[PDB]
Amino acid sequence: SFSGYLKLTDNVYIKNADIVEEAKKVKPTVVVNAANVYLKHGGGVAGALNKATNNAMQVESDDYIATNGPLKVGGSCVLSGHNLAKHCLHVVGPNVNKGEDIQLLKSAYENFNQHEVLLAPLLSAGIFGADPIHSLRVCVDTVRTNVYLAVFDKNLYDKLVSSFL
């Protein structure tokens, strides 16, 4: 199971790790993807998770979008976890670089409450443009289920832990 995590709260854990490497090691029930409404896994966590599945996640996502249309910002969908997890919960946090409403970050994290345990990135952080310190704050104030956060960037991991209230 999950190892080397620092406990932030009763249910939120954090580790400086590559989420793809964590997923291959643990093979959790749910790995969260930092998705966009079109499930186009181009960069950041999405591009990295997709590449680890040999593009199977993108082929599956294209079929999902053809059948159901795009997701909403703040929404999610459960698809296969392929070689990384039992399932992948594709969650759409607001992308500030696309002018999306940062207020939707709480709705995005609420999707985690439908799963007892998850391996996840900080939503809307990285290329999504939001402040990761604010994303961690929304995470601990919204998620009630067991969330194991993987933070790729070492300097950011240290800043998140050191500034955690």
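Only one of (1) surrounded by fewer than 17 Cβ atoms within 10 Å (Cβ to Cβ); (2) farther than 16 Å from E60 by Cβ fails for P28. Which number is that? Exception for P28: condition (1).
Filtering region 117-147 to residues that are in contact (Cβ under 8 Å) with a residue 12 or more places away in the chain, within 18 Å of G44 (Cα to Cα) and not hydrophobic (A, V, I, L, M, F, W, C) leaves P121, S124, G126, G129, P132, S135.
Across region 114-128, which residue is farthest from the chain's Cα centre (by Cα) among those that are crowded, with 24+ Cβ neighbours inside 10 Å and either small (G, A, S) or more than 17 Å from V30 (Cα to Cα) (or both)? Outline the logic, then answer.
So the first thing to find is which residues in region 114-128 are crowded, with 24+ Cβ neighbours inside 10 Å, and the list is 118-125, 128.
Okay, now just the ones that are also either small (G, A, S) or more than 17 Å from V30 (Cα to Cα) (or both), so 120, 124-125, 128.
Numbers: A120: 4, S124: 9, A125: 9, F128: 11 Å.
Per the stated criteria, the residue is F128.
Restricted to region 8-25, and to residues there that are assigned to a loop (DSSP other than H, G, I, E, B) and under 14 Å from the mean Cα position of the chain (by Cα), the residue that is surrounded by the fewest Cβ atoms within 10 Å (Cβ to Cβ) is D18.
Which pairs turn up if I take residues in region 87-113 that are buried (at least 20 other Cβ atoms within 10 Å of the Cβ) and look for partners that are in a helix (DSSP H, G or I) and among the hydroxyl-bearing types (S, T, Y) with beta carbon separation below 7 Å, at least 6 apart in sequence or on another chain? Once the first residue is buried (at least 20 other Cβ atoms within 10 Å of the Cβ) and sits in region 87-113, its partners that are in a helix (DSSP H, G or I) and among the hydroxyl-bearing types (S, T, Y) give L105/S135; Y109/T142. Under the condition of being touching a residue at least 60 places away in the same chain (Cβ under 8 Å) and assigned to a loop (DSSP other than H, G, I, E, B), the residues counted in region 26-45 number 3.
Counting neighbours? That spans all protein chains shown, and the Cβs are built from the backbone with ideal geometry, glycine included. Each value in this text was obtained by applying a stated rule to the coordinates, not by laboratory testing.
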